[PDB]
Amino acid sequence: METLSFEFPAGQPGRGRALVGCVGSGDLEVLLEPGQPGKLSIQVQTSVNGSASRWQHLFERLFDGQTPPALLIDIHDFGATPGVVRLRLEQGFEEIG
């Protein structure tokens, strides 16, 4: 298991909160709460070791040319595929707005 931190340029704080998912094997939960303006802070706890650059790529693509709301995002992952991860993150961002 490791704990990873990411940070990205963001806009104004999102203003709702959301929880999506579950820490079942092959799945993850995502907590999304309003953050500090201009900044998106992401914490990932994952069962899969050595996956930092994978998570980096995932977020890079997700936020490519589109400034998300400034949020605090806490992720607890039990080995979800990048596909499942992406889908849940999009589900989370959907609810927050």
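When you see a residue number, it is the position in the sequence shown, counting from 1.
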32-40 versus 52-60 - which carries the larger mean C-alpha B factor in the record: 32-40
Between the two ranges 22-30 and 64-72, the one averaging a larger CA B factor in the entry: 64-72
Third of the chain's Cα B-factor distribution that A10 belongs to, per the entry: highest
Assigned third (lowest, middle, highest) for the C-alpha B factor of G79: middle
